[PDB]
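Heads up, the thing below is written out as structure tokens.
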Amino acid sequence: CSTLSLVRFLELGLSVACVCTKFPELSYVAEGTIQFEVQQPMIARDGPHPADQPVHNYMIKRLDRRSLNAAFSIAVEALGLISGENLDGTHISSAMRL
Amino acid sequence: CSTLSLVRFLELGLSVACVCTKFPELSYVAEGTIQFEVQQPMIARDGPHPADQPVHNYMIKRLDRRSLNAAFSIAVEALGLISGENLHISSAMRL
């Protein structure tokens, strides 16, 4: 029998690329934003060339959305055996349930 | 064996390839078999399509028969000489 080697995203080196925050309410959330402000350092220089005023700017960035997905099934016989509905007083049945 | 000089099979670098195991009752054996099973790891997709359903495999193999022979011979009176226990009796050089 082969066992699958499970991997955890936090242990990979790629984890340092992004920062992940668990957000248990994302289903209710329509578009979200983030706010940016930044002020450029200026330089005072001699002459008629404009030694201009400092510059501000306010950039906003919008949030995108995508979703993962995965599926699997369980047969009906297994459903009965697990539920405890079909088990009989036979050792042969407990083996199948296991 | 200590006084002999043999090339034992379990000292080369070749032994590390096959897992030898002694089996006395190999002769009373019909088709010998062996089983396998694997789960292949899956990854979740983006567009929902209900067709991933992690697979299951059950491989099976069979044994292959093979022999290994060796010959040996001796004369008939030749053996007869080693039977008697004698201390000459005019047969040493022959014995």
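We label chains A, B, ... in the order they appear in the structure tokens, count residues from 1 in each chain, and number ligands from 1 in the order shown.
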- Task: Restrict the distance test to only C-alpha atoms, flag each residue of chain B within 12 Å of chain A, and return the flagged residues as a list in words.
- Result: residues 34, 35, 36, 37, 38, 39, 40, 41, 42, 43, 44, 45, 46, 47, 48, 49, 50, 51, 52, 53, 54, 55, 56, 57, 58 and 59 of chain B
Residues flagged helix (DSSP H, G or I) by DSSP in chain B, as JSON, numbers by chain
{"B": [9, 10, 11, 24, 25, 26, 76, 77, 78, 79, 80, 81, 82, 83]}
_I need the strand (DSSP E) residues of stretch 16-84 of chain A per DSSP on the backbone, written as a PyMOL selection string._
chain A and resi 33-40+55-62
Can you pull out every residue within 8 Å of stretch 51-60 of chain A, counting only C-alpha atoms, but drop anything in the same chain fewer than 5 positions away, and send it as a PyMOL selection string? chain A and resi 33-46
note - atom CA of residue B:89 and atom CA of residue B:74 are separated by 23.5 Å
Review point. If we count only C-alpha atoms, what is near residue A:78 at a cut-off of 12 Å, once residues fewer than 3 positions away on the same chain are taken out, given as a count of residues only?
Key: 14
Mind pulling up the distance from atom CA of residue B:78 to atom CA of residue B:95?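 Those two atoms sit 8.7 Å apart.
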